[PDB]
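Here's a solo chain for you in structure tokens, the form deposited without this ligand.
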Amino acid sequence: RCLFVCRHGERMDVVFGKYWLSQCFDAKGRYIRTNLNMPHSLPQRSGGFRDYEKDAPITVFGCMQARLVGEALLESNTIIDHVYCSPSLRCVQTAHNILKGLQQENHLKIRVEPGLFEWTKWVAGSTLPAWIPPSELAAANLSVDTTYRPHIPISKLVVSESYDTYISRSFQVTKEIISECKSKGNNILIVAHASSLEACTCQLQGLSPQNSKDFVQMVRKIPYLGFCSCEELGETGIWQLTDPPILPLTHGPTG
């Protein structure tokens, strides 16, 4: 029926900088917040807090951005039946807070899908980031499904992949996600990255894939929690872009 793709919320490493860990972790590794936009606590990572370097969480206003989207979906009576998300912490946290706003934290389990991760050229680093596994996510108070079997596993991701690769696996996973939810529920929410909003949806329309230049141009346009929607053309296998069921979310900075 309907596919909703949206981008994650505000990130710590963007608002507070590349050296943000020095602003919230002391010598002994204790978390000490220095700003009201930093969350009261952060999950423990199986490996230490330097794993946050490559996999930063969302800010307190990131949680709000997500929650308002959640609440907006509830106010418009848009029922989400399954939620998928990228393995990035920021994406999981965004997905979780959308559910809080949806009043469905204790009825839906988020399906962490590595195939939804962004184009690996934009990794700020040499290797893939250490992601927090589903089991360890659930224990950090994020509503994930430890049962879920990913269509693309972590090992299948090529470090520093190419445009054609990324676009291809984006299409496969979306197609796969669309298949395994046909029998169960009407609407599907993907919570992922700016790139995901374009790559995952381009062929869904039946329109030819735009080249990498016109794709970067399209990706820089998407805001935090930027939210798009696709409707199924009867049962034709092509989906067209609909007007989203909620209003857009715009705000400035502190100044």
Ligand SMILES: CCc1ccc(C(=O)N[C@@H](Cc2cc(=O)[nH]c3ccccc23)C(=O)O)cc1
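Only residues modelled in both forms are compared. Whichever C-alpha set is largest while still superposing within 1.5 Å between the two forms counts as the rigid core. Start at 1 and count along the sequence shown; that's the residue number.
Although it is not shown, the form solved in complex with this ligand is what the next lines describe.
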Because the test is whether 3 or more atoms of this ligand fall within 2.4 angstroms of backbone or C-beta atoms once its pose in the bound PDB entry is superposed, the call for this site is open
Within 4.5 Å of this ligand in the bound PDB entry by heavy atoms, the stretch out of 216 to 224, 27 to 35, 62 to 70, 40 to 48 is 216 to 224
Close approach of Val14 to this ligand in the bound PDB entry, 4.5 Å, heavy atom: yes
Contact test in the bound PDB entry: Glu113 vs this ligand, heavy atoms, 4.5 Å
no
Q. For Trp122, is any heavy atom within 4.5 Å of this ligand in the bound PDB entry, or not?
A. yes
With a 4.5 Å heavy atom cut-off, would you call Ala194 a contact of this ligand in the bound PDB entry?
yes
Rigid-core overlay between the shown form and the other one puts runs of three or more residues with Cα moved 2 angstroms or more at 124 to 126
